[PDB]
Amino acid sequence: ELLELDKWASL
Amino acid sequence: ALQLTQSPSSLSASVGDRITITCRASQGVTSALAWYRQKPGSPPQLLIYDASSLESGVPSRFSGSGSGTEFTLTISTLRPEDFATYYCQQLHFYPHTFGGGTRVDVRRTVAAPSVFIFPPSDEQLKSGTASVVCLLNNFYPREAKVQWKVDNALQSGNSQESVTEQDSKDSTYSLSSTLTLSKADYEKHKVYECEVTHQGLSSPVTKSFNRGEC
Amino acid sequence: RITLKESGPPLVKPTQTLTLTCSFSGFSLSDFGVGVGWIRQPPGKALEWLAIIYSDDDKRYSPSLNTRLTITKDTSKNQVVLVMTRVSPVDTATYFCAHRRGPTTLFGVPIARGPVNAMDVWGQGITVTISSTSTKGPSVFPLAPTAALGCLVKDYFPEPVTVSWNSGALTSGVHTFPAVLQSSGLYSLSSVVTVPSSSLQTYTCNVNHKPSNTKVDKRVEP
């Protein structure tokens, strides 16, 4: 649906 | 946005039982999911973090599994302090969604509500307002439903209800529903009805009175 | 040990601005990856996420509330503030602030992000009621016909109100329901008691609403 990822989703 | 659905929304159990609760997400949240227990009057307390990690200080009877879109919380042996409401939280996407919660209460035998209807007092009528209340006393389980009827017209948007906390000896619930009308509207009708639907009743019980009927 | 505590006004009027403060200890908003978030809970309802702020000053807000929310931190005073503008009655809820761990580090190097997936320590919570209403004592009405009876405690503000039966002597079969906030901004509740239809013994509801110093004893009969 297009959600923004959390701060640590790309750590 | 993201949907986080808990199942079931309500659950009855007894001390010693093994219960499982689930939380499904409309989209994959990886392992970023947390479980909390919330006792009335207190803040939620963390039990499981990152889908399966047991939070420090938390009893080992709590366990969490799953990833992606399906998560479950299991309490291997229910203790008395576990009768509460549980929540799940997603933290893979902003905003950090919470589930609707699942209430865990003490199971007991099905008990239908004793239904009573109270008409407004003359003392209140003088003030220009009319409150009609319906009482559903000592029933189980907690889910119930009240429908007000005035001369067979279905009432909507003009009532409010409230429920007691489970009784510590009965393990029952009691509910109050207040139908509120202006004195003028109240005096334009005669049959005031409280219809009650509960699992403990074969069919709906209706309690009523005829206004002005002396 | 980590502890957070919410402070602010218990009452606010519609259209007003609500400012909440989270005072904490045991951690710093200068510590790596650490966050402090706000969560609210309307009475009898579910938890609803409002916002979060991190020690690097990164901020996020609930999308359905981002035009009325502002989150800010004061690193030196160990506080986080949440401002909610133009509030309404649906905003009455218990407000919680909570801590979020940052990633685990080894020799100043993040090695585990798992601990960030949860809000691990919560404050006790502060109750905020939104009403355009002033202190007002209740009107007590009789609820008359095992038999049932009670006293309707209507139109008061604010909470709370205490209700007993027969001066504290009737406890069994009593049910004092939680108050409902009416559209008018005034509360209302009922206290009922169930008794042996045989007994109809006198029954009176002792009602006391301290905020207004309103004391009422109402006897109820068939």
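Residues numbered from 1 in each chain as written, not as in the entry; some residues may be left out. Chains lettered and ligands numbered in written order. Heavy atoms only, no water. Residues with missing side-chain atoms left out of burial classes, pairs and counts.

Regarding how it was determined, this PDB entry cites X-ray crystallography in its header, along with a resolution of 2.44 Å.

All names here are of chain B. Here strand β7 (residues 62-67) pairs with strand β8 (residues 70-75) via 6 bridges, running antiparallel. Opposite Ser63, over in β8, you have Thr74 as the bridge partner. The hairpin formed by β7 and β8 contains 2 residues between the paired strands, and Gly68 there has a positive phi angle of roughly 80°. (Pairing = 2+ DSSP bridges. Helix = DSSP H or I, 4+ residues; strand = E, 2+ residues; numbered from the N terminus.)

Looking now at the state of the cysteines. What the rule picks out here adds up to 4 disulfides over all chains. For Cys23 of chain B, the disulfide goes to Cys88 of chain B, at an S-S distance of 2.0 Å. The chirality of the disulfide connecting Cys23 of chain B with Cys88 of chain B is left-handed, given an S-S dihedral of about -85°. Pair noted here: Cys23 of chain B is in strand β3 (residues 19-25) and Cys88 of chain B is in strand β9 (residues 85-90), with a separation of 65 residues, a long-range link. In this pair, the class of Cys23 of chain B matches that of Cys88 of chain B, namely buried. Two residues share a disulfide in this structure: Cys151 of chain C and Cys205 of chain C, whose sulfurs sit 2.0 Å from each other. Classification of the bridge connecting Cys151 of chain C and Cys205 of chain C rests on its S-S torsion, roughly 85°, and on that basis the disulfide is right-handed. Neither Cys151 of chain C nor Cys205 of chain C differs from the other in exposure class; each is buried. Taking only the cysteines that form disulfides and numbering them from first to last, chain B has the pattern 1-2, 3-4. (Disulfide = S-S within 2.5 Å. Buried < 20%, exposed > 50% of the residue type's maximum accessible area, 1.4 Å probe, protein only.)

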